[PDB]
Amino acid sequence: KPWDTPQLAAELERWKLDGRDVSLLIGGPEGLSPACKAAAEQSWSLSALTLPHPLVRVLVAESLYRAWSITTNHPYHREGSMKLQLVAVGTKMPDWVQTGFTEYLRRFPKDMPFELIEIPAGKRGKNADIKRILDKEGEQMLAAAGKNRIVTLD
């Protein structure tokens, strides 16, 4: 994981000692040209780059929009059409996504019966009980869901 904060900080320090300027190159989806690969003095694998947890709920919302978009929208219910709720522990999102994501959800068409409910994340500090934190998150998630059908994503 040459991306983890500690690992990357150490790498930056070693580069600074050397003193030459450094360019990190990312190609298009199909990869890098032979000339770029020939140039590399170090190479990191993107296979090591994992989706950060706060972005999971973002990608799920987008997946649901894409799937809902292609549906025929067919059935009718007297009581009411099915509503979809995404109930997610609200781990702090990166700065670059906050406002944009909320606005993205706001622009879901009125006819898509969807809402995101964010559950407070328990404090991940030294003297907080992990078992109780998970239990408490779960309690709130289930409370938000009420008697809805439950599908978990994990």
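The first residue of the sequence shown is number 1, and the count goes up from there.
The PDB entry records a higher mean C-alpha B factor for 119 to 127 than for its counterpart among 30 to 38 and 119 to 127. Here 103 to 111 and 86 to 94 are compared by their mean Cα B-factor, and 103 to 111 comes out higher. As recorded in the PDB entry, 70 shows the highest C-alpha B-factor of the residues 70, 64, 58, 46. In the deposited entry, the Cα temperature factor of residue 136 sits in the top third of values across the chain's modelled residues.
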